[PDB]
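Asks: pasting the sequence and an experimental structure:
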Amino acid sequence: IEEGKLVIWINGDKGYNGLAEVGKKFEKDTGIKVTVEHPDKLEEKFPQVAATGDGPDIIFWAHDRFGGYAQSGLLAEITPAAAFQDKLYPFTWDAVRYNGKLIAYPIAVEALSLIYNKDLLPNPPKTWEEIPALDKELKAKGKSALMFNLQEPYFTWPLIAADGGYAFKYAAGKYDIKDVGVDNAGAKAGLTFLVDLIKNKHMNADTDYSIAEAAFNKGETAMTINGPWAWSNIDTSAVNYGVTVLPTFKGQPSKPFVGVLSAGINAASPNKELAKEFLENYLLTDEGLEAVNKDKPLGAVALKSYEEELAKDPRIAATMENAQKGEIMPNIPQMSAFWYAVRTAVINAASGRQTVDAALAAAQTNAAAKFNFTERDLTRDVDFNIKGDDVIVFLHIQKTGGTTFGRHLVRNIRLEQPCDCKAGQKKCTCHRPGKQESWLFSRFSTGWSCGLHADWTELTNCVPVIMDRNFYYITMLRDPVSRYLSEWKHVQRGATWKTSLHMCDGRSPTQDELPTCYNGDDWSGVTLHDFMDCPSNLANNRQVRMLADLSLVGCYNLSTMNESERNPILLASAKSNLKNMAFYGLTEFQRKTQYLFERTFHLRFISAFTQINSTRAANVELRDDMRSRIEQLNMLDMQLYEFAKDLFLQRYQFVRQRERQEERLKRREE
Ligand SMILES: O=C(O)[C@H]1O[C@@H](Oc2ccc([N+](=O)[O-])cc2)[C@H](O)[C@@H](O)[C@@H]1O[C@H]1O[C@H](CO)[C@@H](O[C@@H]2O[C@H](C(=O)O)[C@@H](O[C@H]3O[C@H](CO)[C@@H](O[C@@H]4O[C@H](C(=O)O)[C@@H](O[C@H]5O[C@H](CO)[C@@H](O)[C@H](O)[C@H]5NS(=O)(=O)O)[C@H](O)[C@H]4O)[C@H](O)[C@H]3NS(=O)(=O)O)[C@H](O)[C@H]2O)[C@H](O)[C@H]1NS(=O)(=O)O
Ligand SMILES: OC[C@H]1O[C@H](O[C@H]2[C@H](O)[C@@H](O)[C@@H](O[C@H]3[C@H](O)[C@@H](O)[C@@H](O[C@H]4[C@H](O)[C@@H](O)[C@@H](O)O[C@@H]4CO)O[C@@H]3CO)O[C@@H]2CO)[C@H](O)[C@@H](O)[C@@H]1O
Ligand SMILES: Nc1ncnc2c1ncn2[C@@H]1O[C@H](COP(=O)(O)O)[C@@H](OP(=O)(O)O)[C@H]1O
Ligand SMILES: [Cl-]
Ligand SMILES: [Cl-]
Ligand SMILES: [Cl-]
Ligand code: NA
Ligand code: NA
Ligand code: NA
């Protein structure tokens, strides 16, 4: 981000040419250039790039995205004088308050309305229920009743919410992120009506923003559902149109989620005072908002003076009527997960490929960030026969506490013939009773015989050969930010693991495939910033990479497929291989790890595992923005760990409760 300049991001459906005009006046008065951009998916790109040193100085979006940004430390707190604050409606400052603090400037209130062509339909329907009959009449004239974007849940939510659907329940002063209302009777009724419209061929499941707009603006459909920004193109096409209240469903109003277009300032911006000057003294004025509004209408603006001037517009009046009937959007971080979940459910239900009940049940799970596991997933029962051909394989991922765990395996298990660990020697002899065969494949028993820190790909291709059986794979996982910091500190003190083979499809990677991050013999002394800056850093997503079948993505050759394709494959492969292992533990749960290992393999340790909280990672002082960038560099590991933690904890509770019930039965039979 260049100092002395302003870079602004705003969505492509807003008045970015008018905003540019405000930017030109600012430049006239100050010599500060203002660049407006409208990149695609700006609301996903921003948390990826703000967490580094790129991104815009100012980001525009509806307020629902901003709590997530704020929780990640990506936004400067805004500090407007009480004088300026009173120039805007308090209603709209509420939309941009997060954990007590103001994190953006509110701009305008947006709500969806029903838009109709007065030359085809001078009185629009009051109910969703009468739309099928209307469409039948219109189809005989070569036209349709209604087309609107069915791909974005923003547009279908008003009907889904009408009879009772909700996102997160509000109770006791906060949003309950476990109480999700996307599969209740009301939500199901709303979505069923929409699905029936499609089944009865009054709408098409493929209709998106462009198709609906094109049809309405060409007079092919009598109605659409859209927001104030859409009015400009309708005027461009010279359609004679009205804007009115959304139809009712089962006698209740459609309930649009209400958005406040808001302007946040990047916490990494070196131009924060200029951003505040632009927003307060140029944009949030009658003149500035008029420039934007004349390009694409904002709706009901937040500035009291200019809102009063436009309030007579019946299109805005209709916008306010639908907004009062709807709900202000929560700004909490979980909003994005809600939207993603509903987006997928509506698409699959509307397509007919899944019923409403099944699709909304899946959305409920995803919106509440839950994991459903089968009994088989929670049951890991290994009749481990050390005298037989069973072999335990410990896959050690760097910096997951594998030294501690590996030492437990060779020093701390109660066995008739335990591992023979000679004093002052690194490895131990872990042989079956009376044989020269090992029962444990591990760093401290067999050594690195399949490669230094051999991963799932290397071990599954090498272990069966280098031992000739039942192989029981186990590993440890650690929360990725701590694991990444631990690896940074270890590399900073000389670790390279440069002799790892990284074998996959029968060869090690090429230097072009896997460039070294450092000059010389190691990367000692590296700062956290330079560590994070190397694109080929093997610390990034190490746990997913080392648990996945890397053949599935062309081994280490990043040109074989795109990231959008490689990333979901790696994650699903890692989740599957982890889940289907005999056992895994988590570094942060040493006692539960011990207990589950014991109950999985029917073994007992001599001395209790212990939790060490004062790790080198814990000692790193981590700003929130920097934690967020580490999460972004490790986004696959973040997802894997969330999955693994929940499975691990459900396994612990399952095994404990079974064991507690067995003890009781013993008592109740004596
Ligand atoms: O045998 C020969 O060929 C020798 O022949 C001699 O000449 C003659 C001639 C004639 C006769 N005669 O009788 O007539 C005899 C001999 C030559 O003079 C001589 O050159 C030649 O020697 C070669 O062959 C030797 C036998 O193989 C060999 O010596 C062995 O070396 C092994 C080795 O270095 O690998 C050694 O193994 C032990 O030490 C290793 C090094 O420490 C261990 O491996 C390391 O393990 C680390 C670990 O797990 O902690 C790992 O560290 C990394 O990961 C950890 C965990 O994440 C992290 O904490 C660390 O920070 C991280 N470090 S890193 O730098 O970032 O990687 C290391 O990476 C890994 O290297 C190993 O586990 C030990 N095994 S053991 O316990 O079983 O011993 C072995 O013991 C030696 O015997 C020589 O190396 C050969 N020399 S060469 O010139 O040919 O190369
Ligand atoms: O991978 C699927 C899609 O993912 C992306 O879209 C996501 C967004 O990232 C989420 O933030 C959310 O979008 C919400 C949005 O936050 C909310 O404000 C509202 O957006 C309105 C907006 O307020 C209004 O001003 C106008 O611009 O219309 C918008 C709706 O189009 O509602 C959104 C939900 O529909 O969830 C979506 C997924 O639905 C990504 O951007 C997509 O390209 C991608 O396909
Ligand atoms: N019982 C325990 N409880 C918590 N962390 C532990 C632990 N045993 C080891 N660790 C942590 O695991 C890391 C070592 O992992 P590995 O043996 O795979 O290299 C270290 O992290 P730090 O570097 O942050 O201190 C260490 O502190
Ligand atoms: Cl070794
Ligand atoms: Cl624990
Ligand atoms: Cl047991
Ligand atoms: Na160490
Ligand atoms: Na170096
Ligand atoms: Na800390």
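Replies: The structure has been received and is ready for your questions. Residues are numbered from 1 along each chain as shown. Ligands and ions are numbered 1, 2, ... in the order given.

Asks: from ligand 1, how far off is whatever residue of the stretch 201-350 of the chain ends up closest to ligand 2?
Replies: The stretch 201-350 of the chain approaches ligand 2 most closely through residue 339 (3.1 Å), counting by Cβ to the nearest ligand atom. Every C-beta, even on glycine, is put in place using the N, C-alpha and C of the backbone. Applying Cβ to the nearest ligand atom, to the nearest Å, the value for residue 339 to ligand 1 is 41 Å.

Asks: just use 43 as the starting number from now, easier for me
Replies: Done: numbering now begins at 43, and the last item shifts to residue 381.

Asks: what's the local residue count around the closest residue to that residue other than its chain neighbours?
Replies: Nearest non-adjacent residue to residue 381, counting by Cβ to Cβ, 6 or more residues apart in numbering: residue 195, 6.0 Å away. Per other Cβ atoms under 10 Å, the neighbour tally for residue 195 reads 22.

Asks: surely residue 442 touches residue 521?
Replies: No. Under the criterion of Cβ atoms under 8 Å, residue 442 is not in contact with residue 521, lying 9.9 Å apart.

Asks: settle it for me: which of those two has more neighbours?
Replies: residue 442 (26 against 19).

Asks: confirm the residue of the stretch 243-392 of the chain closest to ligand 2 sits in a strand?
Replies: No. Using DSSP: H, G, I helix; E, B strand; the rest coil, the secondary structure at residue 381 is helix, not a strand.

Asks: got the contact list for it?
Replies: Contacts for residue 381 (Cβ atoms under 8 Å, 6 or more residues apart in numbering) come out as 106, 195-196.

Asks: and the strands in the stretch 593-712 of the chain?
Replies: Secondary structure of the stretch 593-712 of the chain by DSSP state E, counting those that start in this stretch: the strands cover 625-628.

Asks: hmm, I typed the wrong one, I wanted the stretch 293-442 of the chain.
Replies: Counting by DSSP E, counting those that start in this stretch, the strands of the stretch 293-442 of the chain are 294-295, 299-307, 342-343, 369-370, 432-437.

Asks: quick one: the helices in the stretch 393-542 of the chain?
Replies: Under the criterion DSSP state H, counting those that start in this stretch, helices of the stretch 393-542 of the chain are mapped to 398-409, 417-420, 444-453, 498-508, 522-534.

Asks: packed most tightly, which of those helices would that be?
Replies: helix 522-534 (a mean of 22; mean count of other Cβ atoms under 10 Å).

Asks: and the helix or strand following that one with ligand 3, contact?
Replies: The first helix or strand that comes after helix 522-534 along the chain, using DSSP states H and E, is helix 570-575. No. Between helix 570-575 and ligand 3, judged by Cβ under 6 Å from any ligand atom, nothing touches; the nearest distance is 13.3 Å.

Asks: so does the next helix or strand after helix 570-575 get close to ligand 1?
Replies: Going down the chain from helix 570-575, the next helix or strand is helix 584-589, by DSSP H and E. No. Judged by Cβ under 6 Å from any ligand atom, helix 584-589 makes no contact with ligand 1; its nearest approach is 11.7 Å.

Asks: so how far is helix 584-589 from its chain's centroid?
Replies: Relative to the mean C-alpha coordinate of its chain, helix 584-589 is positioned 19 Å out (Cα atoms, centre = their mean, to the nearest Å).

Asks: now for that helix, which elements pack on it?
Replies: The contact analysis (3 or more Cβ pairs under 8 Å, 6 or more residues apart in numbering; DSSP states H and E) places helix 584-589 against helix 522-534, helix 605-621, helix 677-709.

Asks: repeat that with 6 Å
Replies: With contacts taken as 3 or more Cβ pairs under 6 Å, 6 or more residues apart in numbering; DSSP states H and E, helix 584-589 sits against helix 605-621, helix 677-709.

Asks: and the residue of the stretch 143-292 of the chain that's closest to ligand 6?
Replies: residue 220 (33.2 Å; Cβ to the ion).

Asks: kindly provide the distance from the closest residue to that residue other than its chain neighbours to residue 225.
Replies: Spatial nearest neighbour of residue 220, chain neighbours left out: residue 410 (5.7 Å); criterion: Cβ to Cβ, 6+ apart. Distance from residue 410 to residue 225, counting by Cβ to Cβ, to the nearest Å: 10 Å.

Asks: again, but for residue 418
Replies: Taking Cβ to Cβ, one finds residue 418 at 25 Å from residue 225.

Asks: for this structure, what lies in contact range of ligand 6?
Replies: Neighbours of ligand 6 within the chain, by Cβ under 5 Å from the ion: 641, 644.

Asks: spatially central residue for the chain, please.
Replies: Nearest to the geometric centre of the chain sits residue 379, at 6.3 Å (Cα atoms, centre = their mean).

Asks: which ones are touching it?
Replies: residue 409 (Cβ atoms under 6 Å, 6 or more residues apart in numbering).

Asks: could you measure whichever residue of the stretch 493-642 of the chain sits closest to ligand 8 against residue 568, distance?
Replies: Nearest residue of the stretch 493-642 of the chain to ligand 8, counting by Cβ to the ion: residue 562, 3.7 Å away. Residue 562 is 11 Å from residue 568, where distance means Cβ to Cβ.

Asks: for this protein, what lies in contact range of ligand 2?
Replies: So far as Cβ under 6 Å from any ligand atom goes, the chain lies against ligand 2 at 53, 55, 83, 85-86, 104, 106-107, 152, 194-196, 269, 301, 378, 381-382, 385.

Asks: sitting in helices, which of the residues you listed do you find?
Replies: Using DSSP state H, the subset of the residues of the chain next to ligand 2 located in helices is 85-86, 195-196, 378, 381-382, 385.

Asks: make TSV out of those and add distance to residue 477.
Replies: Formatted as TSV, these follow (distance: Cβ to Cβ, whole Å):
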residue	distance to residue 477
85	62
86	57
195	62
196	66
378	56
381	59
382	54
385	58
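
Asks: return the closest of those with respect to ligand 4.
Replies: Within those, the smallest distance to ligand 4 is 44.1 Å, found for residue 86 (Cβ to the ion).
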